[PDB]
Amino acid sequence: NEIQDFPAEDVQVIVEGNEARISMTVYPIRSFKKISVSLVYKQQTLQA
Amino acid sequence: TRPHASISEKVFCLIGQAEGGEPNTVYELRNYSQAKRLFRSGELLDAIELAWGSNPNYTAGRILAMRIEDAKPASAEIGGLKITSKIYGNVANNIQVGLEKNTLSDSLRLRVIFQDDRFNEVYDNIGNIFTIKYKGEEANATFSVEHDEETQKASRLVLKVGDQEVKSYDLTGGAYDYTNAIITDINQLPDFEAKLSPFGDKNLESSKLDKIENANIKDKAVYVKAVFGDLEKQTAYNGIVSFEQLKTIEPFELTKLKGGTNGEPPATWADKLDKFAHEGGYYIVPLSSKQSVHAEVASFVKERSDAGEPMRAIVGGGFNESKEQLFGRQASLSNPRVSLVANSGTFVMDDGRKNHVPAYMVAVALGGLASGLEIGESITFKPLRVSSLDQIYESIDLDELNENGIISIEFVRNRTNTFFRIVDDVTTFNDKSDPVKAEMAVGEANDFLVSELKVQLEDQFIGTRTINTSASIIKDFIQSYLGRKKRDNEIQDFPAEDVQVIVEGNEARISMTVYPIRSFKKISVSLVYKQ
């Protein structure tokens, strides 16, 4: 789970002599920055 | 260099005014990193990348493209050298160059500057190949390294102790084409030693050494300066900026290069489109707005076709052109092997940006899709991955664009899913009575089938090896070709007897009728209910 997922189709390799060049993509574990809460007060009667 | 680790058959073509590379040259393109390296911005670069990111699976293959400009590079003159750079265009004005003098050993230094990219490489201790040191008891150790005054090139290395030559080493075409051969042979001397510099590998060809004139060694690490010869070694083969030769080399202050020019777009792009002719293309799309350039693409495709290498193109329609404009553009260029695009929208590009789309970018993305799809596969109903679409054509109005041969896109709302698919692969050739012209993939299979038939005839009978080549063997060979194309579903059938031949010599006339893999299109349902 250190990386969420990877697009295997978007990985490419090129080779020349004794050198390889590689491109890739990774989805990082996405972080969670902010929350905001609307708290509204209301009233309704208790009855007997 | 240290060993370490570090962290389709149909060719597509494009043309635009790129912000990088050399003008008027065709480039083989394969990876967006290479694109980004060689080009910085411009609609060609967007077009290349969107073509690779055009469909959820399908993608353009190799791309052939050229920078359509009369541009120039930036440059400046000072001293015996002219400062030269690889950047064409008016952007080359931003290049900053200069030279300074080293405090350690009186050497030269180059700092190649481009602060808009935060580029700041340095080529350190330019010159100073090796030191001569002395250890004899005589008065002083003078030595010279003398130029040919007609060419300013070295001819000898001469050590003079007191005022007489102990031993010199002559560069006049002997064994001493290399400076390190002079090192080993100074070290053979009793009173002198020579030692190569530790500041990188500076082996230097002897014909590029420079002036020394009775410099004293006896209490100095006198370097053989070689200021010119090591400039070529370090600066020529690296970086963005290099020095060419027109006076003497001199230092000079921080200076911006001049002369960089982009140039205006020319009225005619046909001279620069012929550059793509022998290079093997198949699908090509323009980017400019004028119909003038589209008429040239349509001439190039027909000229290559009659040469023997048929091609196909697609044409865009700018921003929000309507029916009245489309029927005047299509009619003006109503030849086959051209398609006109009528719809534009929004593309969320791979670089994150949400661009409003000119229809030329849609024609690119459609071209890339068509190259990505297999031979004889139709672009019909395939997704194009447009984010949102700007269309004002309903069911009936789309049929008039289908009648007029103008490709268009339809948003399809499934029960709670929306996706954008192209309606049909109809070409600009309006008349429906020829399907090989009317329909893109029907013609693409025909072009392949004819080329490969010729490719085999180029051996079988174009060798004209004997007058024993009866027409009865010509009929057979044709049926052998048809049998193979029939066996792997490349044709639907062939008429098992109807091949006929006319022979007179090297000349032999051949006709054939073949049944294509015809394509289904239309359905109508009559639903009924009871109870």
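Where a number appears in this text, it was derived from the coordinates with a stated rule and is not lab data. In this analysis, Cβ positions are derived from the backbone assuming ideal geometry, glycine residues included, and neighbour counts consider all displayed protein chains.
Of note:
- Net charge dipole, chain B: roughly 1360 debye, given to the nearest 20, about the Cα centre with Cβ charges of +1 for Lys and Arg and -1 for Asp and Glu.
- Counted charge near B:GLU394, where neighbours are those whose Cβ lies closer than 15 Å (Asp, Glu -1; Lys, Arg +1): -4
- Gyration tensor verdict on the stretch B:361-446 (Cα atoms; rounded if a/c is under 1.5, prolate if a/b is larger than b/c, oblate otherwise): oblate
- Residue pairs, from the table B:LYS101/B:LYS208; B:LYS86/B:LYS247; B:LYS208/B:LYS272, whose Cα atoms sit over 30 Å apart: B:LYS208/B:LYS272
- The spacing between the stretch B:97-133 and the stretch B:1-48, judged by their C-alpha centroids, is 31 Å.
- Sites B:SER299 and B:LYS485 - FRET efficiency at Förster radius 30 Å, r taken between beta-carbons, to 0.05: 0.40
- Estimated inter-spin distance, B:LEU527 and A:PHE32, nm [label 7 Å along Cα→Cβ]: 4.5 nm
- Neighbourhood net charge (12 Å Cβ-Cβ; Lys/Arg +1, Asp/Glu -1) for B:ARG329: 0
- Among A:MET24, B:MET512, the ranking by other beta carbons within 10 Å of each residue's beta carbon, starting with the fewest, stands as A:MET24, B:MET512.
- Mean Cβ neighbour count within 10 Å, used as a protection proxy, ranking B:322-331, B:91-100, B:337-346 highest first: B:337-346, B:91-100, B:322-331
- Sites B:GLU452 and B:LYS167 - FRET efficiency at Förster radius 45 Å, r taken between beta-carbons, to 0.05: 0.05
- Ordered by the number of other Cβ atoms lying within 10 Å of each residue's own Cβ, fewest first, B:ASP46, B:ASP425 fall into the sequence B:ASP46, B:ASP425.
- Furthest towards positive pole of dipole, B:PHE119, B:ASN140, B:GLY89, structure part chain B, Cβ charges: B:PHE119
- Paramagnetic reach from B:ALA139 in the stretch B:161-198 [backbone N under 18 Å; point 7 Å along Cα→Cβ]: B:161-167
- The distance separating the Cα centre of the stretch B:426-453 from that of the stretch B:62-83 comes to 43 Å.
- 16 Å reach of a label modelled at B:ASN506, 7 Å along Cα-to-Cβ, counting backbone N of the stretch B:445-470: B:458-469
- Residues whose placed amide H lies under 5 Å from that of B:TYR88, excluding near-sequence neighbours: B:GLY21
- Inter-centroid distance (Cα atoms) of the stretch B:253-329 relative to the stretch B:463-531, Å: 36 Å
- For the protein assembly as shown, taking Cα atoms only, Rg and Dmax work out to 35.1, 129 Å respectively.
- Length added when fully stretched, B:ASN214-B:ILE240, from 0.36 nm per residue minus Cα-Cα: 5.5 nm
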